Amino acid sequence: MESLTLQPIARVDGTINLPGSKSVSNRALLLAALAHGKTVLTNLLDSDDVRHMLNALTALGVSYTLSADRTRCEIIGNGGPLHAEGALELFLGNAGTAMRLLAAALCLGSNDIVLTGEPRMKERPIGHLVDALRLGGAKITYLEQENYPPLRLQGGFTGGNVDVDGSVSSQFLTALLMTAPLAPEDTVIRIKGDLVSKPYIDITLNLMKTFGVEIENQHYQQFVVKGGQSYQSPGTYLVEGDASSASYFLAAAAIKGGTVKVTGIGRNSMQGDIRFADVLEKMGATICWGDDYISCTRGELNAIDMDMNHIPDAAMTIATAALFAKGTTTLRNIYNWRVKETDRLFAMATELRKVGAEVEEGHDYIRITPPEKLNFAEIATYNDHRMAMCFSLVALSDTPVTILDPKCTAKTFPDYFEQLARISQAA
């Protein structure tokens, strides 16, 4: 078991040029692959989740080149749906975005492809998406547990009236929206009830529009899509910096700054996680917004009680920042933390208690009462990049913290610890 020990950080201050957005990167790569023409993506994220998407595109026959730092990618669009036969297996690691997006996209036309990944991926739900794709005509087989990958995709999605459950993951609707335009018939996607992680749907629609496709959004309850469309290369496209990756650094300043500025995202960003900055402000930190930066300056830190359904990933950062806040923090309406890289409610509660907090692990919320002082702990990370990054904040105190399997941050942020060290100051 590899581990890293972080020594106490007296103050943070500085500027971080953010790695590219994983959410934008994987959507842009799939759209570039489906589109006609050459797309040049810049500020693309180099991380495990993007590498799995790139490997899948390679396996599907898509041609592309990468710059030395793997952040510039020139993709030769396929000019239509991607294809492979012979039950070609695409291994997708624990990249949910790739799994869900490709599960839908590869249902176009005929195909015989198997999607699989690491053990945990075979425990992350996908039944709501499969149900919707089947209503549209797709032939999909669960090779192991019903409602979970691995899947054998044999094509057939033609369009039509498709219902989709949006209560567990927005990624199912995202995958359907990206796929439907290329189906031969028009598609009407009806959301069954609640829709969680709504801001990610806006990211999807933004990317689709960039690639030449718009649809009719009826108050997020129903989406009308015209079939027979084609995605078109936007030419050069700049991938936004990752707002979820930014959360750790902005929170670090709210706890121990100093002023930390993150570049690559700003007031105009399409990512919902820039709203994480609003939470820090509500807790007492000062935030500054620019066209291409967001910065946070230490003020004070008071506990909050908020519905965090709109920023599920960045919300984890508030759970550890809560250790430094005055009062009890409650994060609500985050049930799907349980079905992600790990069950994040169980993991977050377990590890927070190790450093001294009193924690109520609610079924779909978490209540955190910080200790008077933190104690040392060896933090388990559950093969989850965000557990490692969230707990790195424990070092903004008088106690060191040991993080197990620090390389798990490579899922979305390989250089996380060096970047945190860049803004860590001794004086």
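Numbers for residues come from their place in the sequence shown, where the first is 1.
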property: Residue range whose averaged C-alpha B-factor is higher in the record, 267-275 or 186-194; result: 186-194
property: Given 132-140 and 316-324, the range whose Cα B-factors average higher in the PDB entry; result: 132-140
property: Per the PDB entry, maximal CA B factor within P125, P150, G155, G356; result: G155
property: Highest-ranked of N309, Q221, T116, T329 once sorted by CA temperature factor in the record; result: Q221
property: Chain third (lowest, middle, highest) by recorded CA B-factor, residue given as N217; result: highest
property: Entry-reported Cα temperature factor of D384, expressed as the chain third it lands in; result: lowest
property: For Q145, the third of its chain into which the C-alpha B factor falls; result: highest
property: Lowest, middle or highest third - CA B-factor, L404; result: lowest
property: Modelled-residue ranking by C-alpha temperature factor, third containing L66; result: highest
